[PDB]
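Read the structure below first, then the notes.
No Cβ is skipped: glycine too gets one built from the backbone with ideal geometry, and neighbour counts run over all protein chains shown. Each reported figure results from applying straightforward, stated rules to the coordinates on display, with no laboratory input.
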């Protein structure tokens with residue numbers, strides 16, 4: 001089938017660590033490959049061992065899958081709805097550079113702006129829909 005890795009991301013550690021890995025994994029058993037490996041890597045950054053090579057290769061593989069998906073999805077989205085272009089542009093730039101944060105603000109602004117007509121702006125300009133029907 002198509003499922004994430006069930007083994008330890010940091011394969012090589014003792015039973016004391018294998019319990020922490022499994023107890024963490026049973027909570028994210030229903031997540032994706034990059035979503036599990038992220039959480040595993042976050043605590044692995046405090047271990048310090050050969051698992052560093054698995055991190056370097058993982059970050060590339062994840063960034064590669066995400067960037068390629070985001071490129072294809074963005075290409076098809078360019079002929080679609082305008083809000084979709086904004087979301088997919090954010091997803092495409094972040095999928096090559098996760099260290100570039102703060103764009104989440106402008107992505108939210110655009111996503112709401114495409115669904116902020118003059119009707120809702122005028123009804124909320126006075127407050128919270130002052131005596132307005134369904």
Give the angle, between 0 and 90 degrees and rounded to the nearest 10, that separates the Cα long axis of helix 82-96 from the longest principal axis of the Cα atoms of the chain. 20
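Using Cα pairs under 8 angstrom and six or more residues apart, how large is the relative contact order of the chain, in percent? If you can, show how the numbers build up before the last one.
Numbers: 69 pairs, mean separation 22.6, N = 134.
Over the chain, the number comes to 17 percent.
At 0.36 nm per residue, minus the direct Cα-Cα distance, what do residue 111 and residue 63 gain on full extension? Give it in nm, one decimal, please.
Working: separation 48, 0.36 × 48 = 17.28 nm, distance 2.40 nm.
The residue 111-residue 63 span can extend by a further 14.9 nm.
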Could you state the angle between the C-alpha long axis of helix 103-113 and the longest principal axis of the C-alpha atoms of the chain, as a value from 0 to 90 degrees rounded to the nearest 10? 30
Angle between the chain longest axis and helix 33-44 axis [Cα atoms, degrees, rounded to 10]: 60
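Volume per residue, Å³, of the convex hull around the alpha-carbon atoms of segment 1-97? Please list the in-between numbers first.
Values: hull volume 11.7 nm³, N = 97.
So the per-residue Cα hull volume is 120 Å³.
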Rounded to whole Å, give me the distance from the Cα center of segment 112-134 to that of segment 54-79. 38
Calculate the FRET efficiency for residue 123 and residue 28 from the Cβ-Cβ distance with a Förster distance of 41 Å, rounded to the nearest 0.05. 0.45
